[PDB]
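Quick setup: one chain, the form solved without ligand HBI, written in structure tokens, and binding and motion questions come after.
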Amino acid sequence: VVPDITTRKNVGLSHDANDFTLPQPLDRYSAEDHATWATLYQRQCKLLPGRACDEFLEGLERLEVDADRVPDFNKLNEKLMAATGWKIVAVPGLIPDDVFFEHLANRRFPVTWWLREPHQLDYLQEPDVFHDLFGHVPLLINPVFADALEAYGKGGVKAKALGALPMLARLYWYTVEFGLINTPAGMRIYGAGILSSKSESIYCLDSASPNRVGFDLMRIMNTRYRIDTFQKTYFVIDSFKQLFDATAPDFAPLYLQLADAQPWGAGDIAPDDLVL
């Protein structure tokens, strides 16, 4: 057993014991880190036109996400706060789900502060600052998307009280992390896990292999996912409004009905799916 990357990167740093935040450690970014950031940024910006939803590419520009260095979170926050009242907060790496949703409930988006090493350029399993900031943050300037996230966050309390955090986590995964959005110009991507990826960005739109299924709240909350492979199923929304509107009803009876149900496997098609 050797220390994992999260442990190694955080040596000598602390974090709040309750909310897991710390000030962004600006001094810890090396020349190599800025170069790695610049390489990832350039790679994604070459790949994503015609694949990412237009709002994502626009958000990168409106927030002035740096092309050439790891961004200063405080500086980005000036723009994000003026747009939708959100801010990003630095965290050490993966945090508990209850803490994560509590941040979202308060319009704080947690971002892992450290970056993958150059040898991990192609892929990192852990979240890092490229995935969290480049992948997740640009859409937070869209007020409908931002409201959906806040609503997910507020749902954390009820989910925790009912032992249903994993059901809310599935909704988050299949929307915020791996969601597709249909447009008159064809299918586009809004999931951050795809937007920061070297290759999943290609597969999710070009391959006949994955299922593309119309968004359905109950179906999604009853669907397993895997973290270590490309998604076998992507869920497709018509608009960010659909995401927000999905949060309108009381989730409590949905959780209880699902508590004793057998969940769908990551690759299953349910009898009632709208398959696209």
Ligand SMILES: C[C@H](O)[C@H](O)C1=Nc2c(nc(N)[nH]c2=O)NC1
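Numbers follow the displayed sequence, beginning with 1.
Checklist entry - Mean C-alpha B factor from the entry: is it higher for 19-27 or for 252-260? => result The stretch with the larger mean CA B-factor is 252-260.
Checklist entry - Which is higher in the entry, the mean Cα B factor of 156-164 or that of 106-114? => result Higher mean C-alpha B-factor: 156-164.
Checklist entry - Looking at 119, 131, 188, 170, which has the highest CA B-factor as recorded? => result Max CA B-factor in the entry, restricted to 119, 131, 188, 170: 119.
Checklist entry - Which one of 175, 183, 196, 125 shows the biggest C-alpha B-factor in the PDB entry? => result The C-alpha B-factor peaks, among 175, 183, 196, 125, at 125.
Checklist entry - If you rank every modelled residue in this chain by C-alpha B factor, which third holds residue 208: lowest, middle or highest? => result According to the entry, residue 208 has a C-alpha B-factor in the chain's highest third.
Item to check | Among modelled residues of the same chain, the CA temperature factor third for residue 44 | outcome: Residue 44: CA B-factor falls in the lowest third of its chain.
Checklist entry - C-alpha B factor of residue 57, ranked within the chain: lowest, middle or highest third? => result It falls in the top third of the chain.
Checklist entry - Compared with the other modelled residues in the chain, in which third is the CA B-factor of residue 51? => result Ranked within chain, residue 51 CA B lands in the lowest tercile.
Next on the checklist: Splitting the chain's C-alpha B-factors into thirds, which one does residue 83 fall into?
Outcome noted: Middle third, going by the recorded CA B-factors of the chain.
The form deposited with ligand HBI bound is left out here; the points below concern that form.
Checklist entry - Does the trio 58, 63 and 145 actually contact ligand HBI in the entry with it bound, every residue with a heavy atom within 4.5 Å? => result Zero of three within 4.5 Å in the entry with it bound.
Item to check | 73, 134, 174, 152 - the one with a heavy atom within 4.5 Å of ligand HBI in the entry with it bound | outcome: It is 152 that has a heavy atom within 4.5 Å of the partner.
Checklist entry - Among the candidate residues 181, 192, 169, 80, which is the single one with a non-hydrogen atom no more than 4.5 Å from ligand HBI in the entry with it bound? => result That would be 169.
Item to check | Options 200-208, 137-145, 90-98, 114-122; stretch whose heavy atom lies within 4.5 Å of ligand HBI in the entry with it bound | outcome: Single hit among the candidates: 90-98.
Item to check | Within 123-138, the residues that have a heavy atom no more than 4.5 Å from ligand HBI in the entry with it bound | outcome: Counting only heavy atoms within 4.5 Å of ligand HBI in the entry with it bound, the single contacting residue of 123-138 is 127.
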